[PDB]
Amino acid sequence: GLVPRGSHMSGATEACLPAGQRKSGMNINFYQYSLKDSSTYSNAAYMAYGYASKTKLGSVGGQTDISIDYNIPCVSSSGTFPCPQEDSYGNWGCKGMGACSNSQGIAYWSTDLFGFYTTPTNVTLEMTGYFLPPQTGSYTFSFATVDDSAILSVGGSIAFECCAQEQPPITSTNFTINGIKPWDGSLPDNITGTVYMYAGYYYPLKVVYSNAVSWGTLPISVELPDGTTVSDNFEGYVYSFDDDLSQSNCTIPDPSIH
């Protein structure tokens, strides 16, 4: 045939072609989350959108290194140093530091998350931007682990609306990766999700992440169509655009036929 037939049953992921000035990296918004609240983040509506009904603490833009690896302090005999969780032991010490005099269960303030001074022990944050595939094909996004709760969403009308990156969150719960902390706190069923993408279109991307206490972890990766993996540093793949609600042609409801 002259033209491709298109993905079946309108199944292509919606993408975007924003016409404005592209910015490298994602925007990170931070919102209040209560220390040791082990229920709010179990919820889908909260992780999709309800987080933004909490106080907004601040934001930072232009972030290309997006994994989280927050370690609480150990107030040790030799000073205060961050403790990798796997090195913690007893009640409690940190291997190579001896016993720690401080509590695991209080809030701690740090710039570890994106340079923004907040409480990484207890916070929710929303990463938004557009993923630019260099290759047409299947992309597999993954979280290596999740501590405490996270989702990843890809696509127009799923992550956010085309050319409307800065708007309040949309209500879609059609997550690409559902990493929500289960009520009965095992691991989530699946912390990887696949999207078929067409090169050169901008795909809305949203990550929402919550920590309730102590350590926080979210190692983010994507496997490209060519089989290579990009981990943590997404420079060259993620971008931001200021809203332009007036750009009529911004949404591409089916890239395969566009």
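Note that residue numbering follows the sequence shown and begins at 1. Take the two forms, find the largest set of C-alpha atoms that superpose within 1.5 Å, and that set is the rigid core.
- Note on 204 to 212 and 186 to 194: with rigid core alignment, C-alpha atoms in 7 other deposited structures of this protein sit farther from this form for 186 to 194.
- Taking only CA atoms, the mean B-factor in the PDB entry is higher for 139 to 147 than for the other of 139 to 147 and 121 to 129.
- Of the two stretches examined, 35 to 43 and 66 to 74, the record assigns the greater average C-alpha temperature factor to 35 to 43.
- Considering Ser210, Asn27, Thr192, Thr217 together, the PDB entry gives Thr192 the largest C-alpha B factor.
- In this entry, the residue among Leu245, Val238, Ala12, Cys16 with the greatest C-alpha B factor is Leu245.
- Among the modelled residues of its chain, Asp87 has a C-alpha B-factor that falls in the lowest third, as given in the PDB entry.
- Among the modelled residues of the chain, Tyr196 sits in the middle third by CA temperature factor in this PDB entry.
- Per-chain ranking of the deposited C-alpha B factor places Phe160 in the lowest third.
- When all modelled residues of the chain are sorted by CA temperature factor, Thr173 is found within the highest third.
- When the CA B factors of the chain's modelled residues are split into thirds, the value for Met97 lands in the lowest one.
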